[PDB]
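Here is the structure we will look at.
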Amino acid sequence: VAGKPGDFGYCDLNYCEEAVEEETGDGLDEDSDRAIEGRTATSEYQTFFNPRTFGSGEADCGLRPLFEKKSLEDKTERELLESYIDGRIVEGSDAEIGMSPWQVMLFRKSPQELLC
Amino acid sequence: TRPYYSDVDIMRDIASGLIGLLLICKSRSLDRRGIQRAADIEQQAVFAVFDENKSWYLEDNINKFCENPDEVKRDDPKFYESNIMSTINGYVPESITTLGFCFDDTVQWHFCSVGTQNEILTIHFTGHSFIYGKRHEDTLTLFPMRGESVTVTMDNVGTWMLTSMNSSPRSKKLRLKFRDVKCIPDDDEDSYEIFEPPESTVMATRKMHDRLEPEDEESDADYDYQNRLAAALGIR
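Note that the protein sequences, when read in sequence, are chains E and C.
So the deposited numbering is basically just the index in the first sequence, starting at one, shifted up by 232.
So the deposited numbering is basically just the index in the second sequence, starting at one, shifted up by 473.
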């Protein structure tokens, strides 16, 4: 498109409401079966963008100087099996300072109110 | 319980001591060995009546391995009944172990009685019983070929006999002498047994002390915490 030097629009077409659920063909899969318990992974990350026209955020990922490189567990990811005891009514427990590093929100200079 | 045996021969290899038992267990695979959850050890009971003429090593009796060629122990009832014997754990007379369990013994009793018979075989228990079929029966009845399994909790105090009611060669010598005592829980404070209630002075580490630094136990150990949640018991 033209107009203003910015973005471009996409075309739309009315197809069908077919959902991408389970495949009805045959009835088999192709997934793994184990991946044995044992942290044997150096750096097998992926890269899609380019550092030249995007910046950082390519290598420094998932490396928090807390309980990640030290191979320890604090009070964050405490999710075992779904068959814990099934589920009843949720409550929402307390928290602790230091377990929620990332926190990006929106605010206004005047007045200072919470947005989204 | 699925007893295994040689497939080259059918009836002669069983008499030569080529028979055992296999545990085709369910989906309680915890580690590389499979921790039997809600279970313990195993106590079996085999009674196979065979003969030397039935085994393949008949030549290692009266002809080759022999030192009396002038008098052959054949065509006589003495040498015939000397081979007709009922064995248990490789012990024809009596076994070296006893059935004296204790409390909190979620073991799985197994029974088998192969041989040259075809009908059903039974055994009467005096003063002792078992648990099967969501009930509490006294005696049971096994079957040949396949193996019979039953989870029995042995809770009793005293000593009695476990004789059968038949004719004479299988009712007069098929008894069992053992003493079952539990004073007070599992009886491990002043006796000798491979159990522990514990119920004693525990100032450090003893039995039933599952304190692990990462995580104690739950269902499996697929990862450091198991993140895929789909633990079934077969094909969904």
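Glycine included, each C-beta is placed from N, C-alpha and C at the ideal position.
(message) So that I know if they touch, is there some Cβ in chain C lying closer than 8 Å to that of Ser-315 (chain E)?
(response) On the first sequence, position 83 is the one that residue 315 (chain E) refers to. True, the Cβ-Cβ gap to chain C drops below 8 Å.
(request) Determine the chain E residues that contact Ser-622 (chain C) at a beta-carbon separation under 8 Å, and present them in chain order. (result) Within the second sequence, numbered from 1, the residue matching residue 622 (chain C) stands at position 149. Ordered by position in chain E, no residue passes the 8 Å Cβ test against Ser-622 (chain C), which lies about 27 Å from the chain.
(request) Kindly indicate which three-state DSSP category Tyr-553 (chain C) falls into: helix, strand or coil? (result) Stepping through the second sequence from its first residue, residue 553 (chain C) is reached at position 80. It is helical.
(message) Within 10 Å of its beta-carbon, does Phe-240 (chain E) have 16 or more other beta-carbons around it, so buried, or fewer, so exposed?
(response) Within the first sequence, residue 240 (chain E) is the residue found at index 8, counting from 1. The residue in question, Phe-240 (chain E), is exposed, as its Cβ has fewer than 16 Cβ neighbours within 10 Å.
(request) Measuring alpha carbon to alpha carbon, tell me which of C:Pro-566, C:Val-481, C:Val-654, C:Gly-600 ends up nearest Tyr-665 (chain C). (result) The count along the second sequence starts at 1 and reaches residue 665 (chain C) at position 192. Cα-wise, what sits closest to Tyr-665 (chain C) is C:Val-654.
(request) Would you kindly check if the distance between the Cβ of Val-587 (chain C) and the Cβ of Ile-487 (chain C) is under 8 Å? (result) As a first step, residue 487 (chain C) must be located in the second sequence, where it is residue number 14. As a first step, residue 587 (chain C) must be located in the second sequence, where it is residue number 114. When the beta-carbon positions are compared, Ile-487 (chain C) and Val-587 (chain C) come within less than 8 Å of each other.
(message) So, with DSSP's three-state summary, where would you put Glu-592 (chain C)?
(response) As a working note, residue 592 (chain C) is residue 119 in the second sequence. Reduced to three states, the DSSP call for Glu-592 (chain C) is coil.
(request) Using the Cα positions of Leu-503 (chain C) and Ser-692 (chain C), report the straight-line distance between them to the nearest angstrom. (result) To locate residue 503 (chain C), count along the second sequence from 1; it is residue 30. To locate residue 692 (chain C), count along the second sequence from 1; it is residue 219. Going from the Cα of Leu-503 (chain C) to the Cα of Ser-692 (chain C) covers about 7 Å.
(request) Under 6 Å Cβ to Cβ from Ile-557 (chain C), same chain only, skipping five residues before and after it: list those, please. (result) Locating residue 557 (chain C) in the second sequence gives position 84, where the first residue counts as 1. For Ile-557 (chain C), where only same-chain residues beyond five positions count, the Cβ hits under 6 Å are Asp-524.
(request) Mind the definition here: the region 598-613 of chain C touches the region 624-635 of chain C only if three or more C-beta pairs lie below 8 Å; say whether that holds. (result) yes
(request) Please confirm if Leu-312 (chain E) has its CB atom under 8 Å from at least one CB of chain C. (result) The residue you call residue 312 (chain E) lines up with position 80 of the first sequence. For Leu-312 (chain E), the answer is yes, since a Cβ of chain C falls inside 8 Å of its Cβ.
(request) Just tell me which of E:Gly-259, E:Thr-308, E:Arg-340 has its CA closest to the CA of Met-331 (chain E). (result) Numbered from its first residue, the first sequence carries residue 331 (chain E) at position 99. Minimum Cα distance to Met-331 (chain E) is reached at E:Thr-308.
(message) Whether or not the region 695-702 of chain C and the region 262-271 of chain E are in contact is what I'm after, with contact meaning three or more pairs of Cβ atoms, one per stretch, closer than 8 Å; do they touch?
(response) yes
(message) Per DSSP, what are the beta-bridge partners of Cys-585 (chain C) in this structure?
(response) Here the question's residue 585 (chain C) lines up with position 112 in the second sequence. Looking at the DSSP assignment, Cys-585 (chain C) forms a beta bridge with C:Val-519.
(request) Mind checking the region 295-311 of chain E against chain C and listing, in chain order, the residues whose C-beta falls within less than 8 Å of any C-beta there? (result) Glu-305, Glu-309, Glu-311
(request) Determine whether the Cβ of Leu-702 (chain C) lies closer than 8 Å to any Cβ atom of chain E. (result) For the purposes of this step, residue 702 (chain C) is identified with residue 229 of the second sequence, where counting begins at 1. Cβ-Cβ to chain E under 8 Å: yes for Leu-702 (chain C).
(request) Taking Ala-521 (chain C) as the reference, give the member of C:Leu-594, C:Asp-480, C:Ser-500, C:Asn-541 with the closest Cα. (result) Within the second sequence, the letter at position 48 stands for residue 521 (chain C). When only C-alpha atoms are compared, the closest one is C:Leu-594.
(message) Any contact between the region 536-550 of chain C and the region 560-572 of chain C? By contact I mean 3 or more CB pairs, one from each, below 8 Å.
(response) no
(request) Select from the region 267-285 of chain E all residues with a C-beta closer than 8 Å to any C-beta belonging to chain C, and list them in chain order. (result) Contact residues of the region 267-285 of chain E toward chain C are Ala-267, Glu-269, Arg-271 (C-beta to C-beta distance below 8 Å).
(request) Report yes if the C-beta distance between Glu-276 (chain E) and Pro-283 (chain E) is below 8 Å; otherwise report no. (result) Taking the first residue of the first sequence as 1, we reach residue 276 (chain E) at position 44. Taking the first residue of the first sequence as 1, we reach residue 283 (chain E) at position 51. Result no, Cβ atoms of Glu-276 (chain E) and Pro-283 (chain E) do not sit closer than 8 Å.
(request) Take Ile-508 (chain C) and list the residues in its own chain whose beta-carbon comes closer than 8 Å to its own, dropping the five residues that flank it on each side. (result) Taking the first residue of the second sequence as 1, we reach residue 508 (chain C) at position 35. Around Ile-508 (chain C): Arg-501.
(message) So, at 8 Å on beta carbons, what are the nonlocal neighbours of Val-580 (chain C) in its own chain, with the 5 sequence-adjacent residues on each side left out?
(response) Stepping through the second sequence from its first residue, residue 580 (chain C) is reached at position 107. Cβ within range, chain order: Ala-512, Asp-513, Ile-514, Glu-515, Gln-516, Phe-574, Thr-624, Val-625, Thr-626, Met-627.
(request) Give me the Cα-Cα distance between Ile-667 (chain C) and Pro-658 (chain C), rounded to the nearest whole angstrom. (result) Counting from 1 along the second sequence, the entry for residue 667 (chain C) is found at position 194. Counting from 1 along the second sequence, the entry for residue 658 (chain C) is found at position 185. In a straight line, the C-alpha of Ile-667 (chain C) is about 13 Å away from that of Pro-658 (chain C).
(request) Determine the closest residue to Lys-646 (chain C) out of C:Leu-635, C:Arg-652, C:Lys-680, with distance taken between C-alpha atoms. (result) Indexing the second sequence from 1 puts residue 646 (chain C) at position 173. Considering only alpha carbons, the answer is C:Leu-635.
(message) Let's see if you can read the secondary structure: which residues bound the beta strand (DSSP E) around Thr-308 (chain E)?
(response) Along the first sequence, one-based indexing puts residue 308 (chain E) at 76. Careful: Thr-308 (chain E) lies outside any beta strand (DSSP E) and carries neither H nor E.
(message) By the DSSP assignment, the beta strand (DSSP E) with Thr-560 (chain C) in it spans what residues?
(response) The residue given as residue 560 (chain C) occupies position 87 in the second sequence. Run containing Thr-560 (chain C): 558-560, per the beta strand (DSSP E) assignment.
(request) Could you give the DSSP three-state label for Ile-483 (chain C): helix, strand or coil? (result) Residue 483 (chain C) sits at position 10 when you count from the first residue of the second sequence. Correct three-state label for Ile-483 (chain C): coil.
(request) Could you check which residue in E:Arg-271, E:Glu-262, E:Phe-299 has the C-alpha nearest to that of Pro-333 (chain E)? (result) In the first sequence, counting from the first residue as 1, residue 333 (chain E) sits at position 101. Looking at the Cα atoms, E:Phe-299 is the closest of the given residues.
(request) Could you tell me which of C:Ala-705, C:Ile-708, C:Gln-699 sits nearest to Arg-310 (chain E), measuring between CA atoms? (result) In the first sequence, residue 310 (chain E) corresponds to position 78, counting from 1. Taking only the C-alpha atoms, the option nearest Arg-310 (chain E) is C:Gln-699.
(message) At the level of alpha carbons, what is the spacing between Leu-706 (chain C) and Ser-315 (chain E)?
(response) Translated into the one-based positions of the second sequence, residue 706 (chain C) becomes position 233. Translated into the one-based positions of the first sequence, residue 315 (chain E) becomes position 83. Approximately 13 Å between the Cα atoms of the pair.
(message) Between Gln-699 (chain C) and chain E, is any beta-carbon pair separated by less than 8 Å?
(response) Position 226 of the second sequence, counting from 1, holds the residue named residue 699 (chain C). Cβ-Cβ to chain E under 8 Å: yes for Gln-699 (chain C).
(request) Examine chain E for any beta-carbon lying closer than 8 Å to the beta-carbon of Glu-691 (chain C), and answer yes or no. (result) Walking along the second sequence from the start, residue 691 (chain C) turns up at place 218. With 8 Å as the cut-off, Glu-691 (chain C) counts as an interface residue toward chain E.
(message) I'd like to know if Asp-683 (chain C) contacts chain E, where contact means its C-beta is closer than 8 Å to some C-beta of that chain.
(response) As a first step, residue 683 (chain C) is located in the second sequence; it is residue number 210 there, counting from the start. No, no contact with chain E.
(message) Counting C-beta neighbours from all protein chains within 10 Å, is the total for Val-252 (chain E) 16 or more, i.e. buried, or is it exposed?
(response) Here residue 252 (chain E) is taken as the residue at index 20 of the first sequence, counted from 1. With fewer than 16 other Cβ atoms inside 10 Å of its own Cβ, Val-252 (chain E) counts as exposed.
(message) So the candidates are C:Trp-582, C:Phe-616, C:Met-618, C:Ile-596; which of them puts its Cα closest to the Cα of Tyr-605 (chain C)?
(response) As a working note, residue 605 (chain C) is residue 132 in the second sequence. Nearest C-alpha to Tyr-605 (chain C): C:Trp-582.
(request) Determine the chain E residues that contact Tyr-696 (chain C) at a beta-carbon separation under 7 Å, and present them in chain order. (result) In the second sequence, the residue the question calls residue 696 (chain C) occupies position 223. The answer, in chain order, is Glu-269.
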